[PDB]
Amino acid sequence: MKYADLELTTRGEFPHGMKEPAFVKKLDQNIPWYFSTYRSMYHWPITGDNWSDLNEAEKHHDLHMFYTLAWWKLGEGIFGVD
Amino acid sequence: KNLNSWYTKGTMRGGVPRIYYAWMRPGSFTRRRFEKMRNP
Amino acid sequence: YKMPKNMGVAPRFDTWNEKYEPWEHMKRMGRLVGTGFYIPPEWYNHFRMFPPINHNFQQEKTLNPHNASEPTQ
Amino acid sequence: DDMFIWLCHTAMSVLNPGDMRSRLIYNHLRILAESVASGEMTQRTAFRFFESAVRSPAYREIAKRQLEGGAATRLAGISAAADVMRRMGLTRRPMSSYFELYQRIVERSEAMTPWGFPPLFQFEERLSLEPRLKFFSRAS
Amino acid sequence: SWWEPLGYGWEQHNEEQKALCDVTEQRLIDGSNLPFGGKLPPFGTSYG
Ligand SMILES: [Mg+2]
Ligand SMILES: [Mg+2]
């Protein structure tokens with residue numbers, strides 16, 4: 001359904017999340033304490049049943065899940081029969 | 001009547017993670033030596 | 001001021017035993033294994049259920065020669 | 001090799017270590033031995049473990065029904081201590097265990113106050129004896 | 001995958017074969033070529 005024959009030349013690399021990052025030598029702030037000293041405002045997971053018109057949890061989870069399934073090609077070749 | 005809330009207790013260290021236990025300590029989790037009867 | 005030669009390396013004559021006593025290793029190893037992140041050595045797997053004797057106390061802590069400290073010796 | 005020294009102590013350095021043929025005390029000794037090898041325990045700690053290990057209720061008062069001065073016979077000790085080194089895989093050639101454990105005892109038999117030891121020098125501690133004067137050592 | 005490389009019961013199986021079977025049909029396992037020399041290694045050596 002809704003098919004065209006499309007050429008997609010470049011897909012970005014795998015979203016395994018682990019890629020050797022860009023290396024530097026010097027850094028801007030030479031002050032590592034800032035890492036341990038930093039606080040933030042609280043993240044509250046829930047307020048009052050967590051209702052939203054944009055359904056955020058469901059929708060975002062599924063959207064991540066989709067390209068994840070795409071890249072693993074549905075995890076369908078990896079598991080044999082134990 | 002306990003005005004300190006367990007909801008907010010702690011100190012953000014920024015990036016530093018620490019572990020917490022849902023219930024008991026993980027070592028106490030699998031009891032199989034008394035269950036499957038391996039003991040002297 | 002002259003002193004006996006090896007006083008620099010002189011052992012603590014009261015407390016040098018504590019470090020080696022079986023109960024200490026039982027407790028320490030006990031809360032180490034409890035972590036889940038340490039593979040228990042086998043001696044622990046054993047004395048886990050046969051913990052050592054209670055009331056054997058050194059002579060260093062109790063200053064009594066006449067106290068018969070050990071059921072064994 | 002220090003293992004043999006340890007076992008010599010468990011055999012000869014302890015008055016009345018119960019009946020050493022019984023599977024209970026035997027297992028104590030076995031486990032502690034395998035823990036002196038593979039460095040999991042200090043010799044001192046394993047020794048104090050052995051002598052403080054759980055044996056039987058009212059131990060001394062059952063000991064009054066066998067022993068006068070609380071010194072048991074040393075055969076069970078040596079037979080068990082050789083047995084453990086054989087059943088654990090300690091040596092490549094089987095006999096060596098028994099031979100060494102035996103030999104080291106025989107040499108100490110001639111020494112003044114042979115089966116007593118100063119508690120500091122008996123095992124690993126900060127300050128030690130020179131390798132000739134160490135107790136069940138091969139160099140004596 | 002670590003059980004088959006070391007023929008476990010090899011000396012027994014060898015004995016059974018040599019005594020009860022004709023030499024025309026028998027398979028004999030050799031311990032020398034087996035991983036530890038067909039033996040159980042000395043204690044602290046084998047990494048466990
Ligand atoms: Mg002066
Ligand atoms: Mg000086």
# chains A, B, ... in the order shown; residues from 1 in each chain; ligands from 1

$ residues_near_ligand --ligand "ligand 1" --cutoff "12 Å" --atoms "only C-alpha atoms and all ligand atoms" --output "list in words"
residues 1, 2 and 3 of chain C

$ write_last_selection --atoms "N, CA, C and O atoms" --output "compact mmCIF listing (two decimals), in the first residue's frame"
# COMPACT_ATOMS: atom_id res chain seq x y z
N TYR C 1 69.11 9.87 73.96
CA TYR C 1 68.03 8.98 74.35
C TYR C 1 68.08 7.69 73.52
O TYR C 1 67.73 7.67 72.34
N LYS C 2 68.52 6.62 74.19
CA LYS C 2 68.68 5.29 73.62
C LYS C 2 67.43 4.45 73.83
O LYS C 2 66.88 4.42 74.93
N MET C 3 66.99 3.78 72.77
CA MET C 3 65.79 2.94 72.81
C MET C 3 66.08 1.59 72.17
O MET C 3 67.04 1.47 71.41

$ residues_around --residues "residue 21 in chain D" --least-positions-apart "4" --cutoff "9 Å" --atoms "only C-alpha atoms" --output "compact mmCIF listing (two decimals) with N, CA, C and O atoms, in the first residue's frame"
# COMPACT_ATOMS: atom_id res chain seq x y z
N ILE D 25 34.17 -32.45 61.15
CA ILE D 25 35.43 -31.76 61.40
C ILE D 25 36.32 -31.94 60.19
O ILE D 25 37.12 -31.06 59.83
N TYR D 26 36.16 -33.09 59.56
CA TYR D 26 36.90 -33.37 58.36
C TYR D 26 36.55 -32.34 57.30
O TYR D 26 37.44 -31.79 56.65
N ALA D 76 44.78 -39.72 63.82
CA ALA D 76 43.61 -39.27 63.08
C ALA D 76 43.89 -37.96 62.35
O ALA D 76 43.47 -37.77 61.20
N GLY D 77 44.62 -37.07 63.01
CA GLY D 77 44.97 -35.78 62.45
C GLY D 77 45.82 -35.88 61.20
O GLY D 77 45.54 -35.21 60.20
N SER D 79 46.29 -38.62 59.29
CA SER D 79 45.61 -39.40 58.26
C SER D 79 44.58 -38.55 57.53
O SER D 79 44.47 -38.60 56.30
N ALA D 80 43.84 -37.75 58.28
CA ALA D 80 42.91 -36.80 57.68
C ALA D 80 43.65 -35.75 56.85
O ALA D 80 43.24 -35.45 55.73

$ residues_around --residues "range 36-42 of chain C" --least-positions-apart "6" --cutoff "8 Å" --atoms "only C-alpha atoms" --output "PDB file with N, CA and C atoms, in the first residue's frame"
ATOM      1  N   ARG B  25      18.513  -6.908  49.638  1.00  0.00           N
ATOM      2  CA  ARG B  25      19.815  -6.864  49.013  1.00  0.00           C
ATOM      3  C   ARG B  25      19.950  -8.057  48.091  1.00  0.00           C
ATOM      4  N   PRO B  26      20.513  -7.836  46.900  1.00  0.00           N
ATOM      5  CA  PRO B  26      20.591  -8.830  45.833  1.00  0.00           C
ATOM      6  C   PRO B  26      21.244 -10.140  46.247  1.00  0.00           C
ATOM      7  N   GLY B  27      22.130 -10.102  47.233  1.00  0.00           N
ATOM      8  CA  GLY B  27      22.794 -11.311  47.681  1.00  0.00           C
ATOM      9  C   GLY B  27      21.830 -12.252  48.372  1.00  0.00           C
TER      10      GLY B  27
ATOM     11  N   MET C  29      33.091 -10.307  54.942  1.00  0.00           N
ATOM     12  CA  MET C  29      32.723 -11.088  53.772  1.00  0.00           C
ATOM     13  C   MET C  29      31.220 -11.179  53.670  1.00  0.00           C
TER      14      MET C  29
ATOM     15  N   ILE D  31      37.784 -27.680  53.703  1.00  0.00           N
ATOM     16  CA  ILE D  31      37.466 -26.358  53.187  1.00  0.00           C
ATOM     17  C   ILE D  31      38.546 -25.343  53.511  1.00  0.00           C
ATOM     18  N   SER D  35      41.147 -23.217  51.098  1.00  0.00           N
ATOM     19  CA  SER D  35      41.178 -21.760  51.217  1.00  0.00           C
ATOM     20  C   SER D  35      42.535 -21.173  51.602  1.00  0.00           C
ATOM     21  N   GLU D  40      42.925 -17.420  49.399  1.00  0.00           N
ATOM     22  CA  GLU D  40      41.685 -16.769  49.814  1.00  0.00           C
ATOM     23  C   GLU D  40      41.708 -16.400  51.293  1.00  0.00           C
TER      24      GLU D  40
END

$ residues_around --residues "range 32-45 of chain E" --least-positions-apart "3" --cutoff "8 Å" --atoms "only C-alpha atoms" --output "mmCIF file with N, CA and C atoms, in the first residue's frame"
data_model
loop_
_atom_site.group_PDB
_atom_site.id
_atom_site.type_symbol
_atom_site.label_atom_id
_atom_site.label_comp_id
_atom_site.auth_asym_id
_atom_site.auth_seq_id
_atom_site.Cartn_x
_atom_site.Cartn_y
_atom_site.Cartn_z
ATOM 1 N N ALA D 37 45.378 -22.707 50.234
ATOM 2 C CA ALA D 37 45.802 -22.706 48.848
ATOM 3 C C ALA D 37 44.867 -21.741 48.152
ATOM 4 N N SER D 38 45.285 -21.218 47.011
ATOM 5 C CA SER D 38 44.520 -20.200 46.290
ATOM 6 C C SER D 38 44.316 -18.934 47.116
ATOM 7 N N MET D 88 41.588 -33.258 47.452
ATOM 8 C CA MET D 88 41.847 -32.023 46.729
ATOM 9 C C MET D 88 43.020 -32.359 45.806
ATOM 10 N N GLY D 89 43.183 -31.636 44.710
ATOM 11 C CA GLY D 89 44.172 -32.024 43.718
ATOM 12 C C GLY D 89 45.566 -31.479 43.970
ATOM 13 N N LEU D 90 45.881 -31.213 45.234
ATOM 14 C CA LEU D 90 47.002 -30.349 45.607
ATOM 15 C C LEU D 90 48.327 -30.613 44.914
ATOM 16 N N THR D 91 48.680 -31.877 44.734
ATOM 17 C CA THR D 91 49.975 -32.195 44.139
ATOM 18 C C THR D 91 49.818 -32.946 42.818
ATOM 19 N N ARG D 92 50.785 -32.813 41.915
ATOM 20 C CA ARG D 92 50.678 -33.521 40.648
ATOM 21 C C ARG D 92 50.936 -35.006 40.856
ATOM 22 N N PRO E 5 35.374 -31.749 24.705
ATOM 23 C CA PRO E 5 36.813 -31.763 24.396
ATOM 24 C C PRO E 5 37.614 -32.659 25.323
ATOM 25 N N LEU E 6 37.259 -32.665 26.603
ATOM 26 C CA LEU E 6 37.880 -33.592 27.530
ATOM 27 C C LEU E 6 37.024 -34.841 27.590
ATOM 28 N N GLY E 7 37.553 -35.932 27.044
ATOM 29 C CA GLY E 7 36.897 -37.215 27.170
ATOM 30 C C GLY E 7 36.881 -37.429 28.660
ATOM 31 N N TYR E 8 35.697 -37.603 29.217
ATOM 32 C CA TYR E 8 35.602 -37.651 30.655
ATOM 33 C C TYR E 8 35.951 -39.044 31.164
ATOM 34 N N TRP E 10 37.247 -41.596 29.910
ATOM 35 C CA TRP E 10 38.078 -42.275 28.923
ATOM 36 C C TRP E 10 38.831 -43.516 29.427
ATOM 37 N N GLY E 48 40.445 -22.746 37.384
ATOM 38 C CA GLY E 48 39.159 -23.169 37.891
ATOM 39 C C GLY E 48 38.429 -24.136 36.995
#

$ select_by_dssp --residues "chain C" --states "alpha helix (DSSP H)" --output "list in words"
residues 22, 23, 24, 25, 26, 27, 28, 29, 30, 31, 32, 33, 42, 43, 44, 45, 46 and 47 of chain C

$ atom_distance --atom1 "CA of residue 22 in chain B" --atom2 "CA of residue 6 in chain B"
14.6 Å

$ atom_distance --atom1 "CA of residue 38 in chain B" --atom2 "CA of residue 55 in chain D"
20.4 Å

$ interface_residues --of "chain A" --to "chain B" --cutoff "6 Å" --atoms "only C-alpha atoms" --output "PyMOL selection string"
chain A and resi 35-39

$ decode --residues "range 29-44 of chain A" --atoms "N, CA, C and O atoms" --output "PDB file, in the first residue's frame"
ATOM      1  N   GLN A  29      36.178  24.219  29.824  1.00  0.00           N
ATOM      2  CA  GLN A  29      36.282  24.319  31.269  1.00  0.00           C
ATOM      3  C   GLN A  29      37.190  23.213  31.778  1.00  0.00           C
ATOM      4  O   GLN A  29      36.949  22.032  31.535  1.00  0.00           O
ATOM      5  N   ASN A  30      38.236  23.604  32.488  1.00  0.00           N
ATOM      6  CA  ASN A  30      39.174  22.650  33.050  1.00  0.00           C
ATOM      7  C   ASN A  30      38.767  22.207  34.449  1.00  0.00           C
ATOM      8  O   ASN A  30      39.584  21.689  35.208  1.00  0.00           O
ATOM      9  N   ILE A  31      37.511  22.457  34.805  1.00  0.00           N
ATOM     10  CA  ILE A  31      37.047  22.342  36.185  1.00  0.00           C
ATOM     11  C   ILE A  31      36.041  21.205  36.358  1.00  0.00           C
ATOM     12  O   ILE A  31      34.839  21.404  36.190  1.00  0.00           O
ATOM     13  N   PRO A  32      36.545  20.000  36.679  1.00  0.00           N
ATOM     14  CA  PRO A  32      35.769  18.764  36.750  1.00  0.00           C
ATOM     15  C   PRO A  32      34.787  18.755  37.910  1.00  0.00           C
ATOM     16  O   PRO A  32      33.819  17.986  37.885  1.00  0.00           O
ATOM     17  N   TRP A  33      35.015  19.600  38.907  1.00  0.00           N
ATOM     18  CA  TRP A  33      34.088  19.684  40.025  1.00  0.00           C
ATOM     19  C   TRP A  33      32.668  19.978  39.558  1.00  0.00           C
ATOM     20  O   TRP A  33      31.713  19.466  40.130  1.00  0.00           O
ATOM     21  N   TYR A  34      32.531  20.786  38.512  1.00  0.00           N
ATOM     22  CA  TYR A  34      31.212  21.163  38.006  1.00  0.00           C
ATOM     23  C   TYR A  34      30.364  19.956  37.668  1.00  0.00           C
ATOM     24  O   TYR A  34      29.142  20.048  37.631  1.00  0.00           O
ATOM     25  N   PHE A  35      31.007  18.825  37.409  1.00  0.00           N
ATOM     26  CA  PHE A  35      30.260  17.623  37.105  1.00  0.00           C
ATOM     27  C   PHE A  35      29.502  17.138  38.324  1.00  0.00           C
ATOM     28  O   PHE A  35      28.315  16.823  38.256  1.00  0.00           O
ATOM     29  N   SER A  36      30.207  17.090  39.447  1.00  0.00           N
ATOM     30  CA  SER A  36      29.654  16.591  40.694  1.00  0.00           C
ATOM     31  C   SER A  36      28.789  17.620  41.431  1.00  0.00           C
ATOM     32  O   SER A  36      27.946  17.265  42.252  1.00  0.00           O
ATOM     33  N   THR A  37      29.000  18.896  41.134  1.00  0.00           N
ATOM     34  CA  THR A  37      28.309  19.976  41.830  1.00  0.00           C
ATOM     35  C   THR A  37      26.946  20.314  41.223  1.00  0.00           C
ATOM     36  O   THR A  37      26.106  20.921  41.875  1.00  0.00           O
ATOM     37  N   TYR A  38      26.712  19.890  39.990  1.00  0.00           N
ATOM     38  CA  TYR A  38      25.512  20.300  39.281  1.00  0.00           C
ATOM     39  C   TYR A  38      24.247  19.645  39.824  1.00  0.00           C
ATOM     40  O   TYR A  38      24.168  18.429  39.906  1.00  0.00           O
ATOM     41  N   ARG A  39      23.252  20.455  40.165  1.00  0.00           N
ATOM     42  CA  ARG A  39      21.934  19.956  40.529  1.00  0.00           C
ATOM     43  C   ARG A  39      20.917  20.426  39.513  1.00  0.00           C
ATOM     44  O   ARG A  39      21.230  21.214  38.631  1.00  0.00           O
ATOM     45  N   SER A  40      19.683  19.972  39.659  1.00  0.00           N
ATOM     46  CA  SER A  40      18.612  20.423  38.785  1.00  0.00           C
ATOM     47  C   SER A  40      17.307  20.434  39.552  1.00  0.00           C
ATOM     48  O   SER A  40      17.256  20.029  40.710  1.00  0.00           O
ATOM     49  N   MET A  41      16.247  20.899  38.909  1.00  0.00           N
ATOM     50  CA  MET A  41      14.934  20.825  39.517  1.00  0.00           C
ATOM     51  C   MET A  41      14.459  19.387  39.428  1.00  0.00           C
ATOM     52  O   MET A  41      14.985  18.603  38.640  1.00  0.00           O
ATOM     53  N   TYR A  42      13.485  19.038  40.254  1.00  0.00           N
ATOM     54  CA  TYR A  42      13.065  17.657  40.381  1.00  0.00           C
ATOM     55  C   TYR A  42      12.299  17.162  39.174  1.00  0.00           C
ATOM     56  O   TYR A  42      11.502  17.893  38.604  1.00  0.00           O
ATOM     57  N   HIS A  43      12.547  15.922  38.773  1.00  0.00           N
ATOM     58  CA  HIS A  43      11.710  15.294  37.765  1.00  0.00           C
ATOM     59  C   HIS A  43      10.626  14.487  38.444  1.00  0.00           C
ATOM     60  O   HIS A  43      10.903  13.424  38.994  1.00  0.00           O
ATOM     61  N   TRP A  44       9.388  14.959  38.383  1.00  0.00           N
ATOM     62  CA  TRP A  44       8.303  14.208  38.984  1.00  0.00           C
ATOM     63  C   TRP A  44       7.655  13.369  37.912  1.00  0.00           C
ATOM     64  O   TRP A  44       7.159  13.900  36.923  1.00  0.00           O
TER      65      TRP A  44
END
